[PDB]
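The next block holds one structure in the form of structure tokens; read it before the comments.
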Amino acid sequence: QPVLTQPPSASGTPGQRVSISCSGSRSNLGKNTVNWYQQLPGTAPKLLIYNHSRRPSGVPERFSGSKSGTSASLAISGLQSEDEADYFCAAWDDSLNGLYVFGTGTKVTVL
Amino acid sequence: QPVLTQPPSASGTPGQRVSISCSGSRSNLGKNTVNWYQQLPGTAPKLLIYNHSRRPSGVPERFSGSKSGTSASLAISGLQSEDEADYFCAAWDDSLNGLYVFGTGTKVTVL
Amino acid sequence: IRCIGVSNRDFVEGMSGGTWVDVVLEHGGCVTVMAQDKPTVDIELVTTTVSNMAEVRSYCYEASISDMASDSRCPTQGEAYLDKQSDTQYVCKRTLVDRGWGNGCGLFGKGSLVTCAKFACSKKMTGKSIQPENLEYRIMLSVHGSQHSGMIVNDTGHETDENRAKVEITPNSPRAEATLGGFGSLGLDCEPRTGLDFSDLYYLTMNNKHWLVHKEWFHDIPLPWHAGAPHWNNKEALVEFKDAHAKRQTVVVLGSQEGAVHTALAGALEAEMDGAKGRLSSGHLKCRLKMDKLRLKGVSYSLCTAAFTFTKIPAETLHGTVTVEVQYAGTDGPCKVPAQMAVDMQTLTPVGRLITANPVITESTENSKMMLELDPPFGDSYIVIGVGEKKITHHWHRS
Amino acid sequence: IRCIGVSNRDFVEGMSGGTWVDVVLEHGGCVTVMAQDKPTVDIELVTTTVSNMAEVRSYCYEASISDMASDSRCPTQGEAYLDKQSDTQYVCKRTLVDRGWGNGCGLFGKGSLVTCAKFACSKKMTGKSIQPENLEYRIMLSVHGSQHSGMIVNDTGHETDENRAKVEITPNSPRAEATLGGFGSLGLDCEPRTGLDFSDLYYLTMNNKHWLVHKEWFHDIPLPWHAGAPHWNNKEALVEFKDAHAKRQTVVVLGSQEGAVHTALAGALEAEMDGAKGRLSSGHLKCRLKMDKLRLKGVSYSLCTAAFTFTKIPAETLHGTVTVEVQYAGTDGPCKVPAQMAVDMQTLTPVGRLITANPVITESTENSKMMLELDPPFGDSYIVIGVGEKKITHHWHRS
Amino acid sequence: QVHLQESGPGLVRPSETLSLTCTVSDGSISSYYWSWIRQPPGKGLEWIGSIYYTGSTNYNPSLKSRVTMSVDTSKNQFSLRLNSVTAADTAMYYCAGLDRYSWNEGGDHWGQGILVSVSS
Amino acid sequence: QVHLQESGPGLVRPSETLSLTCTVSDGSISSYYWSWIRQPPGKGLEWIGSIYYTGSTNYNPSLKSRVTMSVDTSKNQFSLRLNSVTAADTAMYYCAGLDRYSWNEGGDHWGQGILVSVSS
């Protein structure tokens with residue numbers, strides 16, 4: 001399973017913009033959709049962005065995602081102290097039968 | 001042409017019976033007719049016997065002919081002094097084009 | 001895209017909300033089946049295969065003879081007979097010939113004469129019965145959205161390619177399911193028993209040439225034939241007996257009838273053999289298609305935001321639709337290719353109907369080619385594809 | 001003596017006092033002609049030989065193909081054309097195929113497709129005209145009185161045997177004289193110009209196979225043909241054009257028609273070739289025979305005095321006559337064979353008439369074979385041959 | 001309107017069979033590729049396996065050794081069993097509805113979660 | 001009453017042509033194989049040559065060197081020509097109708113004869 005690669009540490013003060021990378025190959029990002037999740041400890045991850053910057057009803061406008069050929073990006077405009085959490089990028093893979101691989105995770109921190 | 005050999009001189013007293021031989025080859029007597037002639041000097045020979053012992057009107061019944069395979073004979077019953085002459089046998093030959101060959105001739109003389 | 005070009009194309013539309021759709025699949029013909037909120041897929045009957053053929057009856061079209069002998073009879077001695085008249089590999093016939101002193105007989109009149117010739121066949125043809133039980137129908141299904149111009153002529157690798165799938169139907173397992181990947185699966189519940197009565201025909205196999213012939217014509221062949229597995233009937237068709245002024249008799253065979261059969265066969269349905277399995281080129285078949293388990297792929301996708309470039313001339317097909325080939329330089333794919341017709345931009349009135357149901361882009365890489373089909377309404381319309389300020393627009397009109 | 005036994009035998013008798021006698025000689029038929037105080041002779045037309053044949057029209061029954069080429073066009077763009085349509089060794093055809101995106105066209109309709117194939121003939125037949133000018137009738141003449149059964153079938157030594165002679169009559173020399181040795185000479189005034197119009201037929205030459213067919217049948221052959229001495233017309237008879245999914249066209253030849261013709265020729269008159277001259281087996285010929293110069297042989301002979309021996313069984317013919325084979329050991333030959341019938345052995349009245357008029361023995365050699373013909377009266381009679389106490393007697397009865 | 005809820009023993013003995021069920025409510029069981037995810041505390045999320053309503057079986061190759069999943073189309077539920085569980089597999093297990101074909105509005109769907117531990 | 005009679009020069013000079021004709025009366029010229037015979041006194045008879053009414057030519061092999069014979073079907077006559085005659089050819093000449101096959105009643109027939117001499 002080709003592991004999805006994320007930068008480890010993302011930081012910023014309130015009001016700044018922080019983007020999150022997620023680099024893959026054709027097997028996962030080159031043919032399938034990409035989903036993002038915000039991991040809070042002790043609870044189930046919540047869907048923020050699915051299907052190239054679409055957000056279900058309830059997800060604020062401050063978050064936005066984006067995918068490239070083999071790389072994906074997630075932009076958090078207007079950072080807040082409540083947005084500090086673990087973030088995972090997940091996408092389908094078109095391997096032997098089809099696997100769902102997660103990202104390495106990125107820590108978001110207020111200075 | 002195989003030459004016919006005949007004895008040269010035949011003699012006998014009046015009242016005797018004298019036969020004349022006439023031997024030929026396969027080419028002439030084996031397929032054709034046989035004729036006899038009595039030759040008188042200074043004149044043409046006169047037909048005595050034609051076609052196996054038939055005689056035209058005027059030839060007496062005293063004469064009679066006979067043919068064999070390759071030889072011919074003439075029987076003279078009731079010999080007379082007027083019968084002293086040369087006799088020739090002539091018969092057709094089935095050679096190259098068809099020839100009429102005569103015999104060598106035999107002198108018959110009454111004592 | 002496999003229905004594009006065949007004249008026998010039918011546009012069937014099930015009821016709104018209904019699940020079953022009936023179609024009629026012909027050989028070489030193509031049916032474009034559509035449904036609301038369902039993808040556009042092509043279904044075509046490719047090959048019909050009949051298996052487990054066994055010999056039934058064999059006709060001879062080229063024969064050979066050897067070792068012939070004769071015998072004649074004197075007048076008033078009866079009819080002629082030879083010991084091989086009772087031998088089924090020989091063909092005889094009695095005639096009347098003049099006999100006398102020079103011939104070795106002591107009377108004048110007609111004498112019976114029989115003459116036989118040893119019959120042997122070198123190459124033969126065989127007709128085979130077609131059992132509807134031993135019958136296989138192969139169906140091919142093909143999905144739109146991918147397979148750029150390099151895939152027009154490409155037949156190797158469909159077992160791994162999710163867009164195309166091969167179906168096989170026999171009476172022991174009349175059901176098969178087509179693996180459609182992202183689009184789900186399509187059912188093909190077919191009724192082969194009520195499609196065309198192939199019971200009134202025969203399967204001819206000539207010297208590597210194969211046809212579908214009438215059973216009336218096949219039983220009417222005037223040639224030597226034998227039943228089952230050999231006992232030959234009608235030997236006189238290949239042999240002529242010319243009588244020679246009622247004195248002598250000759251026997252000769254007739255030349256090869258390869259040409260005489262090919263002339264009469266002009267019109268018959270032809271076929272070919274795939275080794276030991278026999279393929280057909282005629283017959284139709286009604287099937288029932290399930291739309292329930294058939295799924296779309298890409299309704300949640302984003303709209304293609306990047307620009308398009310005209311790669312080829314938009315052209316029309318034999319049925320009225322418009323195709324456009326374009327290249328997607330965008331990298332936000334997979335995306336829903338924005339395509340629609342509009343008479344009013346405020347009401348957004350959907351005119352016509354979309355042929356390529358939910359056109360979607362697969363690869364996010366630039367300079368990729370893709371082509372889709374569109375159905376304008378009769379009369380005036382405008383070809384409008386894309387969204388935003390960079391959409392490309394073209395004019396179009398029908399009739 | 002060859003008329004003895006053939007069914008098609010006619011006995012013609014001219015009017016009393018007339019000079020002319022007409023006969024009709026047919027193939028396989030035999031005419032036994034008699035005249036008062038004239039010998040009975042048999043004359044039969046055996047073979048007809050036509051020379052100086054020249055080519056008229058040749059049909060091909062086996063062809064071959066190579067170098068097929070194609071060309072296609074879009075709908076309503078006009079017809080397709082290739083440069084070999086003007087090439088007479090090629091056969092082409094334009095058809096209509098459905099064109100669109102999959103084929104590469106942008107219009108609605110059928111597209112023209114033309115395909116040509118190089119014409120070549122593998123095995124061909126030839127028809128040759130039969131000129132009545134270059135036509136020969138060969139006649140054989142045979143006399144009765146001698147020439148026993150051993151002379152019935154004998155073809156070597158005809159230059160040396162005087163009894164047998166070969167006759168040939170052409171329109172260039174309608175008269176010929178038969179050297180007949182002892183029987184004199186017979187006149188033969190034949191009418192080849194008014195016998196049978198052989199102009200309405202053709203002489204076909206297959207692969208060393210030869211027939212005589214109607215000229216109506218020859219011009220109705222649906223096959224490629226060319227006249228005289230190659231420019232072939234009607235190429236479509238031997239070639240099949242297979243349509244391949246309305247995209248390309250393939251060309252194939254039909255099987256050999258050699259056998260199809262051999263079956264259809266059932267009824268046609270066959271012939272054979274003696275090198276370059278072709279002989280026939282049908283046709284008749286009218287002739288006029290001279291009785292003036294034809295003489296008997298043996299009317300002055302005496303009756304055979306020596307004994308006779310029945311060597312073979314006296315048998316009857318198809319017309320009522322009696323032939324007997326006998327041995328004459330006598331050496332007084334040539335002699336007139338005594339032959340007549342008697343119904344009363346006491347009156348010995350000569351009844352009926354001799355068919356072989358005045359039968360005569362030739363050779364004076366013993367163990368010679370001889371055969372003669374007799375015509376008994378209707379009803380009771382006795383076959384008595386010979387004279388004197390050594391004559392031989394046989395029983396016979398009529399009806 | 002779809003709602004997912006896990007169901008199963010929150011505590012198991014080691015080397016035993018870890019059996020897990022998952023009920024789907026107000027939703028069709030044939031409209032999703034129902035799957036399971038796990039997360040060891042400290043490590044990332046681990047997708048357990050997926051199963052389709054017809055029976056299409058798909059496992060994580062790293063866990064396919066002892067994973068068996070079943071789905072009942074009638075009762076609107078799908079299950080999960082993991083035999084020979086070790087102390088290291090102490091994680092929080094979730095069943096979630098992943099949209100493999102982008103056929104449903106809203107996309108994926110997730111439940112509430114249950115933490116399962118093994119005590120030695 | 002048939003009668004044959006020779007006619008021709010009874011005396012000739014040597015190296016000249018010995019010409020002899022013979023007319024047939026009360027008879028068909030087509031009914032016999034008309035011939036010529038000679039006989040020198042002391043030796044045997046020598047058959048000269050034969051010719052048939054149609055034109056059938058036959059010569060003595062011993063005399064065919066310088067014999068040419070002709071027959072006139074119209075005048076019922078037949079002739080004889082002998083070029084380059086020697087003194088040894090002094091013989092008695094006869095015309096006769098010889099029967100080549102003996103098919104005629106009476107058989108052969110002979111004339112009266114003429115003795116011809118050559119003076120040098």
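As shown in the structure tokens, the chain order sets the letters A, B, ...; within each chain, residues go from 1, and ligands are also counted from 1 in the order they appear.
All C-alpha atoms of chain D, paired in order with those of chain C and fitted by least squares, deviate by an RMSD of 1.7 Å.
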Test item: chain C residues at most 10 Å from chain D, counting only C-alpha atoms, as a PyMOL selection string
chain C and resi 1-7+28+61-62+97-103+105-110+152-153+237-242+244-247+253-263+266+313-320+322-323
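Distance criterion 9 Å to chain D, applied with only C-alpha atoms, yields residues 30, 31, 32, 33, 51, 52, 66, 67, 68 and 69 of chain B on chain B.
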8 Å contact set for residue 87 (chain A), only C-alpha atoms, chain neighbours under 3 positions out, as a PyMOL selection string:
chain A and resi 36-39+105-107
What would chain B look like once superposed on chain A, with the fit done by least squares over all C-alpha atoms paired in order? Give it as a PDB file with C-alpha atoms, in the first residue's frame.
ATOM      1  CA  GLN B   1       3.315   0.858  -1.136  1.00  0.00           C
ATOM      2  CA  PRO B   2       5.384   4.034  -1.510  1.00  0.00           C
ATOM      3  CA  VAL B   3       5.096   5.585   1.937  1.00  0.00           C
ATOM      4  CA  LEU B   4       3.898   9.188   2.032  1.00  0.00           C
ATOM      5  CA  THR B   5       6.457  11.465   3.692  1.00  0.00           C
ATOM      6  CA  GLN B   6       5.103  14.535   5.487  1.00  0.00           C
ATOM      7  CA  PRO B   7       6.775  17.084   7.771  1.00  0.00           C
ATOM      8  CA  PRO B   8       5.968  16.191  11.378  1.00  0.00           C
ATOM      9  CA  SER B   9       5.250  19.537  13.055  1.00  0.00           C
ATOM     10  CA  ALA B  10       3.558  22.593  11.551  1.00  0.00           C
ATOM     11  CA  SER B  11       3.252  25.764  13.616  1.00  0.00           C
ATOM     12  CA  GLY B  12       2.110  29.358  13.273  1.00  0.00           C
ATOM     13  CA  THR B  13       0.566  32.298  15.108  1.00  0.00           C
ATOM     14  CA  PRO B  14      -3.160  33.145  15.032  1.00  0.00           C
ATOM     15  CA  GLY B  15      -4.292  34.879  11.866  1.00  0.00           C
ATOM     16  CA  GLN B  16      -1.827  33.155   9.544  1.00  0.00           C
ATOM     17  CA  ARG B  17      -2.772  30.959   6.594  1.00  0.00           C
ATOM     18  CA  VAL B  18      -1.603  27.335   6.660  1.00  0.00           C
ATOM     19  CA  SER B  19      -1.868  24.819   3.820  1.00  0.00           C
ATOM     20  CA  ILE B  20      -1.475  21.052   4.203  1.00  0.00           C
ATOM     21  CA  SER B  21       0.113  18.827   1.565  1.00  0.00           C
ATOM     22  CA  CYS B  22      -1.127  15.376   0.579  1.00  0.00           C
ATOM     23  CA  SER B  23       0.965  13.582  -2.053  1.00  0.00           C
ATOM     24  CA  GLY B  24      -0.018  10.192  -3.429  1.00  0.00           C
ATOM     25  CA  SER B  25       0.804   7.735  -6.216  1.00  0.00           C
ATOM     26  CA  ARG B  26      -0.665   6.999  -9.637  1.00  0.00           C
ATOM     27  CA  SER B  27      -2.763   4.106  -8.315  1.00  0.00           C
ATOM     28  CA  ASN B  28      -4.910   6.159  -5.904  1.00  0.00           C
ATOM     29  CA  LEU B  29      -5.266   9.881  -6.681  1.00  0.00           C
ATOM     30  CA  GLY B  30      -5.001   9.611 -10.472  1.00  0.00           C
ATOM     31  CA  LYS B  31      -8.396   7.886 -10.748  1.00  0.00           C
ATOM     32  CA  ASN B  32     -10.338   8.401  -7.488  1.00  0.00           C
ATOM     33  CA  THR B  33     -11.718  11.058  -5.129  1.00  0.00           C
ATOM     34  CA  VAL B  34      -9.958  12.866  -2.273  1.00  0.00           C
ATOM     35  CA  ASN B  35     -11.396  13.441   1.212  1.00  0.00           C
ATOM     36  CA  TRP B  36     -10.103  15.427   4.188  1.00  0.00           C
ATOM     37  CA  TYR B  37     -10.724  14.852   7.898  1.00  0.00           C
ATOM     38  CA  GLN B  38     -10.115  16.727  11.151  1.00  0.00           C
ATOM     39  CA  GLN B  39      -9.207  14.304  13.950  1.00  0.00           C
ATOM     40  CA  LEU B  40     -10.280  15.131  17.511  1.00  0.00           C
ATOM     41  CA  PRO B  41      -8.950  12.872  20.292  1.00  0.00           C
ATOM     42  CA  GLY B  42     -11.289  10.300  21.810  1.00  0.00           C
ATOM     43  CA  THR B  43     -13.801  10.594  18.945  1.00  0.00           C
ATOM     44  CA  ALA B  44     -14.241   9.587  15.316  1.00  0.00           C
ATOM     45  CA  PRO B  45     -12.870  11.893  12.600  1.00  0.00           C
ATOM     46  CA  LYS B  46     -15.562  14.041  11.013  1.00  0.00           C
ATOM     47  CA  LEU B  47     -15.941  14.520   7.268  1.00  0.00           C
ATOM     48  CA  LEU B  48     -14.878  18.001   6.153  1.00  0.00           C
ATOM     49  CA  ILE B  49     -14.375  17.765   2.372  1.00  0.00           C
ATOM     50  CA  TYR B  50     -15.590  15.123  -0.064  1.00  0.00           C
ATOM     51  CA  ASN B  51     -15.530  14.926  -3.846  1.00  0.00           C
ATOM     52  CA  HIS B  52     -13.557  18.047  -4.777  1.00  0.00           C
ATOM     53  CA  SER B  53     -14.685  20.788  -2.402  1.00  0.00           C
ATOM     54  CA  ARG B  54     -18.348  19.961  -1.780  1.00  0.00           C
ATOM     55  CA  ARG B  55     -19.480  20.133   1.839  1.00  0.00           C
ATOM     56  CA  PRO B  56     -22.727  18.843   3.390  1.00  0.00           C
ATOM     57  CA  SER B  57     -25.025  21.308   5.127  1.00  0.00           C
ATOM     58  CA  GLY B  58     -23.345  22.663   8.265  1.00  0.00           C
ATOM     59  CA  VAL B  59     -19.772  22.859   6.964  1.00  0.00           C
ATOM     60  CA  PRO B  60     -18.962  26.581   6.541  1.00  0.00           C
ATOM     61  CA  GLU B  61     -17.903  28.222   3.290  1.00  0.00           C
ATOM     62  CA  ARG B  62     -14.503  29.142   4.764  1.00  0.00           C
ATOM     63  CA  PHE B  63     -13.123  25.705   3.842  1.00  0.00           C
ATOM     64  CA  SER B  64     -12.152  24.809   0.288  1.00  0.00           C
ATOM     65  CA  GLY B  65     -10.263  21.904  -1.255  1.00  0.00           C
ATOM     66  CA  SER B  66      -8.239  21.317  -4.396  1.00  0.00           C
ATOM     67  CA  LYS B  67      -6.681  18.337  -6.167  1.00  0.00           C
ATOM     68  CA  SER B  68      -3.760  17.983  -8.570  1.00  0.00           C
ATOM     69  CA  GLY B  69      -2.343  15.075 -10.561  1.00  0.00           C
ATOM     70  CA  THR B  70      -0.776  13.180  -7.651  1.00  0.00           C
ATOM     71  CA  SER B  71      -0.909  15.667  -4.741  1.00  0.00           C
ATOM     72  CA  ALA B  72      -3.702  17.181  -2.655  1.00  0.00           C
ATOM     73  CA  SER B  73      -3.848  20.436  -0.720  1.00  0.00           C
ATOM     74  CA  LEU B  74      -6.131  21.939   1.912  1.00  0.00           C
ATOM     75  CA  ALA B  75      -6.287  25.686   2.501  1.00  0.00           C
ATOM     76  CA  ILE B  76      -7.373  26.958   5.911  1.00  0.00           C
ATOM     77  CA  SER B  77      -8.363  30.609   5.617  1.00  0.00           C
ATOM     78  CA  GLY B  78      -9.175  32.354   8.882  1.00  0.00           C
ATOM     79  CA  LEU B  79      -7.255  30.107  11.258  1.00  0.00           C
ATOM     80  CA  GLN B  80      -8.744  29.725  14.746  1.00  0.00           C
ATOM     81  CA  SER B  81      -7.555  28.345  18.085  1.00  0.00           C
ATOM     82  CA  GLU B  82     -10.390  25.789  17.844  1.00  0.00           C
ATOM     83  CA  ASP B  83      -8.734  24.374  14.718  1.00  0.00           C
ATOM     84  CA  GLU B  84      -5.724  22.918  16.564  1.00  0.00           C
ATOM     85  CA  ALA B  85      -5.982  19.196  15.781  1.00  0.00           C
ATOM     86  CA  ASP B  86      -4.546  16.439  13.601  1.00  0.00           C
ATOM     87  CA  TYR B  87      -5.623  16.293   9.965  1.00  0.00           C
ATOM     88  CA  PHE B  88      -5.696  13.232   7.714  1.00  0.00           C
ATOM     89  CA  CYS B  89      -6.257  13.023   3.975  1.00  0.00           C
ATOM     90  CA  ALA B  90      -7.902   9.829   2.741  1.00  0.00           C
ATOM     91  CA  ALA B  91      -8.482   8.792  -0.861  1.00  0.00           C
ATOM     92  CA  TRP B  92      -9.443   5.642  -2.714  1.00  0.00           C
ATOM     93  CA  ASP B  93      -6.780   3.478  -4.325  1.00  0.00           C
ATOM     94  CA  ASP B  94      -7.276   1.326  -7.427  1.00  0.00           C
ATOM     95  CA  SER B  95      -4.885  -1.357  -6.196  1.00  0.00           C
ATOM     96  CA  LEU B  96      -5.507  -5.116  -5.947  1.00  0.00           C
ATOM     97  CA  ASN B  97      -9.155  -4.949  -4.862  1.00  0.00           C
ATOM     98  CA  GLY B  98      -9.695  -1.239  -4.129  1.00  0.00           C
ATOM     99  CA  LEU B  99      -8.408   0.178  -0.858  1.00  0.00           C
ATOM    100  CA  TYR B 100      -9.066   3.301   1.215  1.00  0.00           C
ATOM    101  CA  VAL B 101      -5.688   4.571   2.444  1.00  0.00           C
ATOM    102  CA  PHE B 102      -5.202   7.402   4.939  1.00  0.00           C
ATOM    103  CA  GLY B 103      -2.420   9.945   5.239  1.00  0.00           C
ATOM    104  CA  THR B 104       0.360   9.970   7.801  1.00  0.00           C
ATOM    105  CA  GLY B 105      -1.063  12.918   9.736  1.00  0.00           C
ATOM    106  CA  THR B 106       0.329  16.364  10.559  1.00  0.00           C
ATOM    107  CA  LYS B 107       0.263  18.189  13.879  1.00  0.00           C
ATOM    108  CA  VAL B 108      -0.963  21.766  13.528  1.00  0.00           C
ATOM    109  CA  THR B 109      -0.441  24.003  16.538  1.00  0.00           C
ATOM    110  CA  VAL B 110      -1.162  27.663  17.255  1.00  0.00           C
ATOM    111  CA  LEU B 111       1.463  29.494  19.328  1.00  0.00           C
TER     112      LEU B 111
END
Quick one: residues within 10 Å of residue 9 (chain E), only C-alpha atoms counted, chain neighbours fewer than 2 positions away excluded, as an mmCIF file with C-alpha atoms, in the first residue's frame?
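around-v3.cif was written with the following content:
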data_model
loop_
_atom_site.group_PDB
_atom_site.id
_atom_site.type_symbol
_atom_site.label_atom_id
_atom_site.label_comp_id
_atom_site.auth_asym_id
_atom_site.auth_seq_id
_atom_site.Cartn_x
_atom_site.Cartn_y
_atom_site.Cartn_z
ATOM 1 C CA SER E 7 -22.267 -2.976 17.982
ATOM 2 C CA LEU E 11 -13.696 -6.225 25.769
ATOM 3 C CA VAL E 12 -12.386 -9.609 24.630
ATOM 4 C CA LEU E 18 -13.324 -10.641 18.035
ATOM 5 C CA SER E 19 -16.872 -10.475 16.644
ATOM 6 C CA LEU E 20 -18.357 -7.148 15.560
ATOM 7 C CA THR E 21 -21.679 -6.146 14.012
ATOM 8 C CA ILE E 114 -16.539 1.987 19.952
ATOM 9 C CA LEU E 115 -13.232 1.272 21.706
ATOM 10 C CA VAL E 116 -12.458 -2.450 22.103
ATOM 11 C CA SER E 117 -9.728 -3.665 24.472
#
Tell me, which residues of region 197-248 of chain C carry DSSP strand (DSSP E), written as an MDAnalysis selection string?
chainID C and resid 201:205 210:214 225:227 239:244 248
Write out the residues from the selection above, keeping N, CA and C atoms, as an mmCIF file, in the first residue's frame.
data_model
loop_
_atom_site.group_PDB
_atom_site.id
_atom_site.type_symbol
_atom_site.label_atom_id
_atom_site.label_comp_id
_atom_site.auth_asym_id
_atom_site.auth_seq_id
_atom_site.Cartn_x
_atom_site.Cartn_y
_atom_site.Cartn_z
ATOM 1 N N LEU C 201 -33.708 -25.333 -40.214
ATOM 2 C CA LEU C 201 -32.517 -25.123 -41.021
ATOM 3 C C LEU C 201 -31.508 -26.233 -40.754
ATOM 4 N N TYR C 202 -30.471 -26.275 -41.586
ATOM 5 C CA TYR C 202 -29.370 -27.211 -41.415
ATOM 6 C C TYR C 202 -28.046 -26.461 -41.472
ATOM 7 N N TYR C 203 -27.015 -27.085 -40.903
ATOM 8 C CA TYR C 203 -25.670 -26.515 -40.829
ATOM 9 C C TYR C 203 -24.774 -27.244 -41.821
ATOM 10 N N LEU C 204 -24.520 -26.600 -42.955
ATOM 11 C CA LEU C 204 -23.657 -27.165 -43.978
ATOM 12 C C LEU C 204 -22.196 -26.850 -43.685
ATOM 13 N N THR C 205 -21.335 -27.841 -43.904
ATOM 14 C CA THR C 205 -19.889 -27.693 -43.756
ATOM 15 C C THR C 205 -19.247 -28.239 -45.027
ATOM 16 N N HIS C 210 -18.634 -22.908 -44.642
ATOM 17 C CA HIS C 210 -19.730 -23.249 -43.747
ATOM 18 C C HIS C 210 -20.902 -22.312 -43.983
ATOM 19 N N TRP C 211 -22.104 -22.884 -43.984
ATOM 20 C CA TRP C 211 -23.324 -22.156 -44.287
ATOM 21 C C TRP C 211 -24.424 -22.556 -43.315
ATOM 22 N N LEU C 212 -25.573 -21.906 -43.490
ATOM 23 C CA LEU C 212 -26.822 -22.222 -42.805
ATOM 24 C C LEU C 212 -27.858 -22.401 -43.907
ATOM 25 N N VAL C 213 -28.317 -23.636 -44.116
ATOM 26 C CA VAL C 213 -29.131 -23.966 -45.279
ATOM 27 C C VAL C 213 -30.483 -24.502 -44.832
ATOM 28 N N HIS C 214 -31.448 -24.434 -45.748
ATOM 29 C CA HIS C 214 -32.769 -24.984 -45.483
ATOM 30 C C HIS C 214 -32.687 -26.493 -45.309
ATOM 31 N N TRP C 225 -25.003 -40.235 -50.639
ATOM 32 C CA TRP C 225 -25.115 -39.903 -49.229
ATOM 33 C C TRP C 225 -25.234 -41.185 -48.421
ATOM 34 N N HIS C 226 -24.901 -41.080 -47.138
ATOM 35 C CA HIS C 226 -24.988 -42.203 -46.219
ATOM 36 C C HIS C 226 -25.446 -41.710 -44.853
ATOM 37 N N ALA C 227 -26.252 -42.533 -44.185
ATOM 38 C CA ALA C 227 -26.907 -42.154 -42.942
ATOM 39 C C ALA C 227 -26.105 -42.592 -41.723
ATOM 40 N N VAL C 239 -21.835 -40.863 -61.510
ATOM 41 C CA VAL C 239 -21.348 -41.820 -62.497
ATOM 42 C C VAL C 239 -22.311 -41.828 -63.673
ATOM 43 N N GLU C 240 -21.764 -41.773 -64.883
ATOM 44 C CA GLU C 240 -22.546 -41.811 -66.107
ATOM 45 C C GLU C 240 -22.238 -43.092 -66.868
ATOM 46 N N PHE C 241 -23.286 -43.780 -67.318
ATOM 47 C CA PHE C 241 -23.150 -44.960 -68.168
ATOM 48 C C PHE C 241 -23.642 -44.609 -69.566
ATOM 49 N N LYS C 242 -22.709 -44.382 -70.486
ATOM 50 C CA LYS C 242 -23.057 -44.132 -71.876
ATOM 51 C C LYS C 242 -23.095 -45.471 -72.601
ATOM 52 N N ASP C 243 -24.229 -45.782 -73.214
ATOM 53 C CA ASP C 243 -24.339 -46.997 -74.002
ATOM 54 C C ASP C 243 -23.832 -46.716 -75.408
ATOM 55 N N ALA C 244 -23.021 -47.626 -75.933
ATOM 56 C CA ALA C 244 -22.358 -47.429 -77.218
ATOM 57 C C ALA C 244 -23.030 -48.319 -78.259
ATOM 58 N N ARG C 248 -21.273 -52.065 -76.681
ATOM 59 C CA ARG C 248 -20.247 -51.953 -75.653
ATOM 60 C C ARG C 248 -20.676 -50.911 -74.631
#
Spatial neighbours of residue 83 (chain F), 9 Å, only C-alpha atoms, chain gap at least 6 places, as a ChimeraX atom specification:
/F:15-19,66-68
Contacts of residue 207 (chain D) at 8 Å or less, counting only C-alpha atoms, minus same-chain residues fewer than 5 places along, as an mmCIF file with C-alpha atoms, in the first residue's frame?
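Wrote part_5.cif, looks like this:
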data_model
loop_
_atom_site.group_PDB
_atom_site.id
_atom_site.type_symbol
_atom_site.label_atom_id
_atom_site.label_comp_id
_atom_site.auth_asym_id
_atom_site.auth_seq_id
_atom_site.Cartn_x
_atom_site.Cartn_y
_atom_site.Cartn_z
ATOM 1 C CA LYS D 123 -8.234 -24.140 -66.469
ATOM 2 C CA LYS D 124 -10.363 -23.262 -69.499
ATOM 3 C CA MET D 125 -12.454 -24.923 -72.213
#
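CA of residue 43 (chain C) lies 28.9 Å from CA of residue 303 (chain C).
Within 12 Å of chain E, chain C contributes the residues residues 37, 38, 39, 177, 179, 180, 181, 182, 183, 184, 185, 292, 293, 294, 295, 296, 297, 298, 299, 300, 301, 302, 334, 335, 336, 358 and 360 of chain C, using only C-alpha atoms.
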May I have the residues of chain E within 10 Å of chain A, counting only C-alpha atoms, written as a PyMOL selection string?
chain E and resi 35+37+41-50+56-62+92-94+98-102+105-115
So that I can check the surroundings of region 373-376 of chain D, please list as a ChimeraX atom specification every protein, DNA and RNA residue that reaches within 8 Å of it, counting only C-alpha atoms and ignoring chain neighbours fewer than 5 positions away.
/D:320-324,339-341,351-356,381,383,398
